[PDB]
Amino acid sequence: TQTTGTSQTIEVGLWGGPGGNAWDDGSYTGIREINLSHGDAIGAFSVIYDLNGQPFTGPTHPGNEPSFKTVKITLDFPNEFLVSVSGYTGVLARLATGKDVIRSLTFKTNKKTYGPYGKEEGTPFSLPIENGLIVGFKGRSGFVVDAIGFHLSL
């Protein structure tokens, strides 16, 4: 029985720690571009989604670490799409929190692999996808990316 007016999607995650502040881009129809920054961890994470055949810039999550290396991943949408997302979660000493954050991220599409970005240290995690698509990102950010999760759809 329907009890709310907002549609929903399957959501997996989050991988990472409880620090930072929660954010959720919601869901769209695909992924066109990913902009992130990295160093000893993943700092910024912002996405340009596809919305019914046209680009749609999602809310930004730059974090507050200005010294990281910036990276732009432009996917050959719609022929190229993610088939796997993996990374590492662990404590970053200079944060003085003792709580896990996203240390590294790797993006694998049906065409190639982007990454690893950041530092592969801590506990690894991976989300291989056999059927379906990531149609949205969610997570937690403070100084850097604390945690990440994904909205999935057929």
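In case it trips you up, residue 1 is the first one in the sequence shown, and so on.
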query: Comparing 145 to 153 with 3 to 11, the one whose average Cα B-factor in the PDB entry is higher; finding: 3 to 11
query: Of 38 to 46 and 109 to 117, the one with larger mean CA B-factor; finding: 109 to 117
query: Where the record places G30 (Cα B-factor, split into thirds across the chain); finding: highest
query: Within-chain third of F68 by Cα B-factor, per the entry; finding: lowest
query: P59 CA temperature factor, ranked by third within the chain; finding: middle
query: CA B-factor placement of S86, once the chain's modelled residues are sorted into thirds; finding: lowest
query: Modelled-residue ranking by C-alpha temperature factor, third containing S104; finding: lowest
